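Peer 1: Whatever this is, show me its structure:
(4 chains)
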Amino acid sequence: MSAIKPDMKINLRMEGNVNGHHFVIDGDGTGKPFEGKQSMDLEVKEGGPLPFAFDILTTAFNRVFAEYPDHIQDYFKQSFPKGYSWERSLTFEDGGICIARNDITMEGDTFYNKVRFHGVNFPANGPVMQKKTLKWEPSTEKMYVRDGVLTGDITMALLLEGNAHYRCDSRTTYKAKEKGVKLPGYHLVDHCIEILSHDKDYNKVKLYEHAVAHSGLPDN
Amino acid sequence: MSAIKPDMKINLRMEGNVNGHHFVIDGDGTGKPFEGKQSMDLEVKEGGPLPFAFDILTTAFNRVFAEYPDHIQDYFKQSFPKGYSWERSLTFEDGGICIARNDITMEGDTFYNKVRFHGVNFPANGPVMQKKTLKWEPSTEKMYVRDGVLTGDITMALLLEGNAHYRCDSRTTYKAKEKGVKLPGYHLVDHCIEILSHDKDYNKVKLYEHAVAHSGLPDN
Amino acid sequence: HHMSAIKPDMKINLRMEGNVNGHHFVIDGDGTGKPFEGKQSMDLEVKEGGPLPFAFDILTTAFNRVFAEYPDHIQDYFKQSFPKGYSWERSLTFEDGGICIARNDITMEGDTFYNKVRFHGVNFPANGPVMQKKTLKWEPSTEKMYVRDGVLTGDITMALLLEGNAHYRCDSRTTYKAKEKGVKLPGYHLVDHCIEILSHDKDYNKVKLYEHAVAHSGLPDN
Amino acid sequence: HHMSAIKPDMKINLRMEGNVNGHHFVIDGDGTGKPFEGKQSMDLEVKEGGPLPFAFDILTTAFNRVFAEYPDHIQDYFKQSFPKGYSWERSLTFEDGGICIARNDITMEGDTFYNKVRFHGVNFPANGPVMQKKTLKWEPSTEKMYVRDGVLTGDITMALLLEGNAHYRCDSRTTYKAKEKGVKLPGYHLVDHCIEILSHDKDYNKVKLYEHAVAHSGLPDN
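Peer 2: Residues are numbered from 1 along each chain as shown, chains lettered A, B, ... in the order given. Provided below are the atomic coordinates:
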């Protein structure tokens, strides 16, 4: 089928609202799907500077960029050239809850992402509205089928100032646009996301991700 | 002294997206604030007929309509003519999660509502996407202060066909537009919402609510 | 269906063995109550593990829905479960990760109810309100009774008043099972609750507890 | 200091008493393991309460993080807590309302670990996969180790494979506490797990269990 090439470009646009603050962010970058790496340049067009921690938006900024071994079905590379979409909920330990959504399409060598983001109930004295986050810690996503839908469960932790951690529970559902794409079996996906550079107000940010899929012990 | 009249008008516009489906609803009704009763005529302008259960929207369709006794601070009537807003998350037991927000203003004898609704991860064979809901059961909302913000917790239940119940946990935060409104103490608010009439596609709906505030046992 | 054999004045006899954060304890109870009026009181005494290193309030809910005023139009599943009795299982999930499970087997002989309660909790933080003894009281609450998987279930989201006008959340769920065949299952209804500690010494080795509970159908009926 | 308290080949002795949905049981365990390789095997025998009316798989993770392969750049909190030992508390939250708590007090003598385990569960529905015995195994999982309130905490989110390629969801959290003060707490890290039943009779009165655990720092390359 080909469709996916070793070097592909990414184009992204996000419109969102968190605790009543509207914002718009643009994204531009490239990535290596078969090696599971990608980078993007992010710029805030509306709502800058953001009154909350930028780290709660980073994982909404494509599982096509993941190294898949031969013994595990790649549900996301086979959903193309037509594409797919996903829906995610983010439940934080202090009551903050977010909801994300992304429609992914491809034409030529460029991926086009249309993202929506919405969060509510972050406390004013909490680390999110006070911008006390440092980074996401490494995480392992669980892939399994539920009600004929590929579902991803993952419990992440933000690192805070003072060597504290901030719990978040995530659940994502993936739906291919065309009928007939084979669903995979149970497997794990390792994740690593990191901000490389940013200005003082995070109007411009450079993001990076590395992701690899595996079967777990003892097959690592 | 009010501000609020014994008979007020209600004007409401809602935009939303549930499981990827976009929709637009308009509302027009009246209500008696000091008796805690209101009614509204709803009409689906875009996205009709709705492919999901209409019931999951009715609690997003104002605590000004609630009977408050004298010994309990009435945070919501003290918020006008300036107004207030609220944010809410709905966590259904089978993984469906909704977030909601509404900005309430006042002009003359009319309340103006701007509502946003977003939900994700509803199972395709669940009671919501299968339209197996009948009504909301009577419920009691808890009102207390959390991080300097008035908060309402309530564990509701939807009656399904066959007399089964579908649980949902709700969490709402209320923010007055002007600083200086005295926050209340712990109390409770009884709720009762009911659809009076509808077409068979739920494109036109007539909604009704009755709510009463009290202190709980052993007297009120 | 049949007769309750419940008198207007009943006695209560209770024994609880438990373990919270690794601390073992045994507490005995003795009291009286009026079932048809939904009121009951008990004198508690710690026999082992005193003085308790945790807040006493987390136990008071474990210390019988027979003591609840039921109207005529709602099925009274608990007074119909006698003279044979019933039992319940409960889980208490607190907002800072503390989780408790409880269990009680209730029988009746003569005019006295007998209770055998077990209580276990783990993962309460060392600096949390429970291990620091910063609780004040439970706030009034309303319990949801409904049938779930053929078993009568009770749902409550309670709140503990803390020092400084803070509140401590707790999510509770109880399943009720009658020991006799043929007890009718009720429909959806609510039960208002009120519990408070009347008196106590300063180490909570001796406590006097009180409760009032009334069932209704919610708005706009009752 | 001289020799380490941990040997390359160590034996395991275990005793568990518990109660699930009102059913009491007692199980004994005997096994061996290689702590530095992160592997252990055990032979289990039900002494009381056989046969168990629930799925055996819900007990297997209660049957010692000493058996884990720890690299040099990650602090090994569990091997440093001996010869005195440590304890842990755990809560298991299943997606259909079943809730479990567990304890274990671990000591050491010679080449043998001693385990004293308690287990309690409530509110498993009669039509659920645990009471119907429709579970097959635990899937491979990854445990998150981090500090919370000065206590090492392990957050793990597991999944049981069911008959018919369905999965049963479970949330678990463990707190670890060493009996000696002064053990250096580790930073954030991950622990890969693999648990599996090797053999069993028809009623699961005799079970052979095996686990493999490895600690690492997560991506990249770790």
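Peer 1: Could you look up the SS state of the residue nearest the centre of chain A?
Peer 2: A centroid search over chain A (C-alpha atoms, centre = their mean) returns residue A:59, at 3.0 Å, as the residue closest to the centre. For residue A:59, the assignment made with DSSP: H, G, I helix; E, B strand; the rest coil gives helix.
Peer 1: Not counting sequence-adjacent ones, nearest residue to it?
Peer 2: For residue A:59, ignoring the flanking residues on the chain, the nearest one in space by C-beta to C-beta, 6 or more residues apart in numbering or on different chains is residue A:193 at 6.5 Å. Yep, even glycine has a C-beta here, placed from its N, CA and C like the rest.
Peer 1: Can you report how many residues lie near the one you found?
Peer 2: The local packing count at residue A:193 equals 20, with neighbours defined by other C-beta atoms under 10 Å in any protein chain shown.
Peer 1: quick check, it in a helix?
Peer 2: No. Residue A:193 is assigned strand when assessed by three-state DSSP, not a helix.
Peer 1: Report the contact partners of it.
Peer 2: The contact partners of residue A:193, by C-beta atoms under 8 Å, 6 or more residues apart in numbering or on different chains, come to A:58-59, A:136, A:207-209.
Peer 1: how about the strands in chain A?
Peer 2: Ranges of strands in chain A, per DSSP state E, are A:8-18, A:21-32, A:37-46, A:84-92, A:97-107, A:110-120, A:133-136, A:139-146, A:149-160, A:165-176, A:187-198, A:204-214.
Peer 1: how about those in TSV, adding distance to residue A:220?
Peer 2: Converted to TSV, those look like this (distance: least, C-beta to C-beta, whole Å):
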stretch	distance to residue A:220
strand A:8-18	28
strand A:21-32	22
strand A:37-46	19
strand A:84-92	26
strand A:97-107	29
strand A:110-120	29
strand A:133-136	21
strand A:139-146	11
strand A:149-160	18
strand A:165-176	23
strand A:187-198	9
strand A:204-214	6
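Peer 1: between these, which gets nearest to residue B:84?
Peer 2: Between residue B:84 and the strands of chain A, the shortest separation by C-beta to C-beta is 15.1 Å, and it involves strand A:110-120.
Peer 1: Tell me what angle that closest one forms with strand B:8-18.
Peer 2: In this structure, strand A:110-120 runs at an angle of 140 degrees to strand B:8-18, with axes from the mean of the first three to the mean of the last three C-alpha atoms, to 10 degrees as the basis.
Peer 1: What are the buried residues along strand A:110-120?
Peer 2: Buried positions in strand A:110-120, judged by neighbour count with 16 or more other C-beta atoms under 10 Å in any protein chain shown: A:111, A:113, A:115-120.
Peer 1: how far off strand A:37-46 does that strand point, in degrees?
Peer 2: Going by the same axes, to 10 degrees, strand A:110-120 is angled at 60 degrees with respect to strand A:37-46.
Peer 1: And chain B, is strand A:110-120 touching that?
Peer 2: Yes. Strand A:110-120 comes into contact with chain B when judged by C-beta under 8 Å from any C-beta of the partner chain, the residues involved being A:116, A:118-120.
Peer 1: what packs against that strand?
Peer 2: Contacting strand A:110-120 under the criterion 3 or more C-beta pairs under 8 Å, 6 or more residues apart in numbering or on different chains; DSSP states H and E are the following elements: strand A:8-18, strand A:97-107, strand B:84-92, strand B:97-107, strand B:110-120.
Peer 1: Format those as a markdown table; extra columns: distance to residue B:150.
Peer 2: Written out in a markdown table, the entries for these read as follows (distance: least, C-beta to C-beta, whole Å):
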| stretch | distance to residue B:150 |
| --- | --- |
| strand A:8-18 | 20 |
| strand A:97-107 | 18 |
| strand B:84-92 | 9 |
| strand B:97-107 | 14 |
| strand B:110-120 | 19 |
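Peer 1: quick one, which of those is nearest to residue B:48?
Peer 2: If you check each of these against residue B:48 by C-beta to C-beta, strand B:110-120 wins as the nearest, at 15.0 Å.
Peer 1: Quick one: distance of that closest one to the chain centre.
Peer 2: The gap between the average C-alpha position of strand B:110-120 and the chain average comes to 10 Å, counting by C-alpha atoms, centre = their mean, to the nearest Å.
Peer 1: repeat for stretch A:80-97
Peer 2: 8 Å.
Peer 1: Straight-line length of it, end to end?
Peer 2: Distance between the boundary residues of stretch A:80-97 (C-alpha to C-alpha, to the nearest Å) amounts to 31 Å.
Peer 1: Identify each buried residue in that stretch, please.
Peer 2: For stretch A:80-97, the buried set under the neighbour-count rule, 16+ other C-beta under 10 Å, comprises A:80, A:83-92, A:94-97.
Peer 1: check whether that stretch contacts chain B.
Peer 2: Yes. Counting by C-beta under 8 Å from any C-beta, chain B is contacted by stretch A:80-97 at A:85, A:87-89, A:91, A:95, A:97.
Peer 1: repeat for stretch A:163-180
Peer 2: Yes. Legend: contact between stretch A:163-180 and chain B by C-beta under 8 Å from any C-beta is shown at A:171, A:173.
Peer 1: quick one: that stretch to chain centroid distance?
Peer 2: Between the centre of stretch A:163-180 and the centre of its chain there are 8 Å (C-alpha atoms, centre = their mean).
Peer 1: try stretch A:180-189
Peer 2: Centre-to-centre, stretch A:180-189 and its host chain are 18 Å apart (C-alpha atoms, centre = their mean).
Peer 1: Show residues contacting it.
Peer 2: Residues outside stretch A:180-189 that contact it (C-beta under 8 Å, 6+ apart) are A:63, A:66, A:72-75, A:78-79, A:140-145, A:148, A:150, A:152, A:211-216, D:139-140, D:142, D:159, D:161, D:165, D:167.
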